[PDB]
Ligand SMILES: Nc1ncnc2c1ncn2[C@@H]1O[C@H](COP(=O)(O)OP(=O)(O)O)[C@@H](O)[C@H]1O
Ligand SMILES: [Mg+2]
Ligand SMILES: [Mg+2]
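Chains as they are written, first to last, in full-length UniProt numbering: chain A, 331 to 382; chain B, 48 to 91, 136 to 153, 158 to 164, 166 to 177, 181 to 190, 194 to 222, 226 to 231, 236 to 254, 259 to 277, 280 to 301; chain C, 51 to 98; chain D, 4 to 535.
Structural data, given as structure tokens:
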């Protein structure tokens, strides 16, 4: 259910077969870091995307 | 005396509070009776086991007690959260109770427990097995068909007891979370 | 008298205390103390 | 008229009920505060006994029904998670705040004004603490860390033992220090494996200059001491090879069954030969090891340990320089093992600890790691020692990360109360009462400290308030801000020179969390409880 939201946010086009997995179907981003919330958990943030 | 087509209409509307208050207790009583009646009524030189003795004096090497169940205790012990044996008796019971106590040491995954028969006389004048909320074993009056080894063999022959432990110092675990393990950098 | 039907006849402190079931948690602490003394040095169980 | 199948409470009734629940929760743990506090003995109605002084543990173990009591318990849990210390203080402060806020509300003061006053008072208290009451630890040194650890371990089972436990805690924390990117010194607490075992006394607990495993060698054949260890960490079971679901063996020519069966174990034999050909001495794996592989390791004169915990294996690999290998597959499609994946340590020994054995990986190279073996009288004492040790480790981590500390013994609370009751008159017309009540409720900590020692709370708190008022009025008497409470003699004392310190983060987070919890509970003036 999150595939559409992820693709809209980043720009990644989903790949269902390795034959079509090419560079042009990737979503460039400035940073992709997993941060911790002072011991309350972990969150992965992708902040800064070309063509947001 | 006529007008049998009453069409009670909004009559029951003004009594839903009392009707539902009675109905909640009625449903609880029906559930308790069904759980009680789930077991009852439904069905109410190699041959000499040379390994029996060795299992006997290797079982004594451990002592806690089986939980004594409170009518709703039986309901909510099985309603939530594996193979579980429940003992029904009123104070041969002591022998099989000791057998269950001995077996509980070797079976940490089981929830050996006992409960009074009075709280739950046709079945009282003269061993219940559960797993995941459904009945598996319903052996009643097992004296007709003891030692802990004998009970273990009897339960294993039916394929109910799980098939088969180093001893730690005391304990190691403290919690389980984002421990933030050491990450050497530069 | 073992609940499993056996008989333990001894005068060791740890052996006596290990077969006794108690409800007061202070007694449980004392029994654990007896077990610790037995496991560590193996003697002086009544003395502790 | 509503015809809602449930009970309804509205007005002063529900507010009084919520304050009742909060006060009951506070009174549960009020007796376990400060060095003159005493532990509690919890029984889990199956015979299990827990002895503890930690507020979070007590609130987690207790069965709670009222929603406000649940809120306070979750508040204690959050304080423990985010800081690790001051778990009782935050609960007590929140309950006192709620009580005083409800007292104000009963005087026809609108709850919105009380909430605004509480928010303003919390912000001003944090600002005042940061501006005045913080002490920089740069000029103090290791003594500051030792004093902070000792203060944290007060009221605990290792209190008098502090002179040694503080040194142990400081050494253990400093051993695991690492600097990440941005040059920030990070201290990964919970990487220190705390092992417990009854027996010998507290004084002779061991601090390991390495790592300690609660595991033993898989078989008696292998030696129990290797000097120049070459640790090989594996994440797979070393057992007889079995094909996956998609592979099925069907035999038509009977002559090949023996070859199939022989290869079935020769695969694992070859894997072990490849692993051991590089000179590995100690092999740790998360999966199991069957008898034949154990015999291979025995003949090779190495060590094999099975069922190693994943976190323990990761810590060992990081400390010794080894790398976890879930499989021996390289980028050429082959099956190889290289010496570059071997971790080294100065010694690996299977030591005996009170009729039981554990593995000590002493002095791992390329990284320093620490572990603590707690020796006590029984299981309960060891568990309480572990909890207190964790609290001390968290306190030391907070002090080392943020280099600001504040005086303990209620000095901060008294200074905050004086400053806030003076500042409330500066602004506001109706939230002034809320700020004044915040200041008054901040005095519940020194009051409880004095009560727990059977000292005259009124006189002690009055003297503390007089000292702090003189500090805040006379510019040349600003050195009186450190006047705390000396519970041994029941007299005010300068805690800064006495060595009673707490991290500033503890007080700040406690204040913020307590204020938010009190605000959350204060917003309710109606409760609907539907029948199940
Ligand atoms: N040696 C000491 N002298 C005076 N006060 C102290 C001393 N050690 C600790 N205190 C104070 O006692 C209070 C209670 O601490 P405690 O309840 O044991 O910690 P926690 O709240 O984490 O359980 C702390 O706020 C601290 O300021
Ligand atoms: Mg003797
Ligand atoms: Mg504390």
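A virtual CB, placed ideally from N, CA and C, is assigned to each residue, including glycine.
Residue burial annotation: residue 383 of chain D is buried, with at least 16 other C-beta atoms found within 10 angstroms of its C-beta.
Residue 48 of chain D and residue 166 of chain B have their C-alpha atoms roughly 14 Å apart. With contacts defined as CB atoms closer than 7 Å, residue 408 of chain D and residue 506 of chain D qualify as a contacting pair.
Annotation for residue 228 of chain D: 352 place their beta carbon closer than 6 Å to its own, counting only its chain and skipping 5 residues before and after.
Cβ proximity to chain B below 9 Å picks out 69 and 71 from the region 69 to 90 of chain C. In terms of Cα proximity to residue 322 of chain D, the closest of D/245, D/194 and D/470 is D/194. Residue 291 of chain B counts as exposed, since fewer than 16 other C-beta atoms from the protein chains shown sit within 10 angstroms of its C-beta. Within the region 181 to 264 of chain D, the complete beta strand (DSSP E) segments of 3 residues or longer fall at 196 to 201, 209 to 211, 213 to 216 and 232 to 237, listed in chain order. At least one CB atom of chain B sits nearer than 7 Å to the CB of residue 179 of chain D. Considering only beta carbons, the part of the region 361 to 379 of chain A lying closer than 8 Å to chain B consists of 366, 369, 371 and 372, in chain order. Look at the region 381 to 438 of chain D and you find these whole runs of beta strand (DSSP E), each 3 residues long or longer: 407 to 410. Taking 7 Å as the Cβ-Cβ cut-off, the region 16 to 41 of chain D has no residue approaching chain B.
DSSP places residue 248 of chain B in the coil class of the three-state scheme, outside both helix and strand. Contact check for residue 398 of chain D against residue 155 of chain D passes: the beta carbons are separated by less than 7 Å. Listed along the chain, the chain B residues whose CB falls inside 8 Å of the CB of residue 219 of chain D are 281. In this chain, the beta strand (DSSP E) harbouring residue 240 of chain B covers 237 to 240.
Residue burial is scored here from C-beta neighbours: residue 382 of chain A has fewer than 16 other C-beta atoms within 10 angstroms and is therefore classed as exposed.
Residue pairing by DSSP places residue 12 of chain D opposite D/530 in a beta bridge.
With contacts defined as CB atoms closer than 7 Å, residue 72 of chain D and residue 24 of chain D qualify as a contacting pair. Secondary structure within the region 469 to 505 of chain D: the alpha helix (DSSP H) runs of 4 or more consecutive residues, fully enclosed, are 498 to 501 (chain order). For residue 288 of chain D, the three-state secondary structure derived from DSSP is strand. The C-beta of residue 200 of chain B comes closer than 7 Å to at least one C-beta of chain C. Uninterrupted alpha helix (DSSP H) stretches at least 4 residues long and entirely within the region 45 to 82 of chain D occur at 58 to 64, given in chain order. Relative to ligand 3, the beta carbon of residue 88 of chain D is positioned inside 6 Å of a heavy atom. The beta-carbon distance between residue 101 of chain D and residue 396 of chain D, rounded to whole angstroms, is 32 Å. This is too long to meet the 8 Å contact definition. D/361 is the residue among D/372, D/46, D/292 and D/361 whose C-alpha sits nearest the C-alpha of residue 218 of chain D. The Cβ-Cβ distance between residue 441 of chain D and residue 121 of chain D falls below 7 Å. Ligand 1 never approaches residue 169 of chain B closely enough for any of its heavy atoms to be under 6 Å from the residue's Cβ. Counting along the chain, no alpha helix (DSSP H) covers residue 369 of chain D, and no H or E run does either.
The beta carbon of residue 252 of chain B is closer than 7 Å to those of 194 in its chain, skipping five residues each way along the sequence. The Cβ-Cβ distance between residue 58 of chain D and residue 32 of chain D falls below 7 Å.
Look at residue 404 of chain D: its C-beta is not under 7 Å from any C-beta on chain A.
For residue 514 of chain D, the three-state secondary structure derived from DSSP is helix. At least one heavy atom of ligand 2 sits closer than 6 Å to the Cβ of residue 93 of chain C.
Of all alpha-carbon atoms in B/219, B/68, B/282 and B/299, the one lying nearest the alpha-carbon of residue 87 of chain B is that of B/219.
Assignment of beta-bridge partners to residue 375 of chain D by DSSP yields D/197 and D/210.
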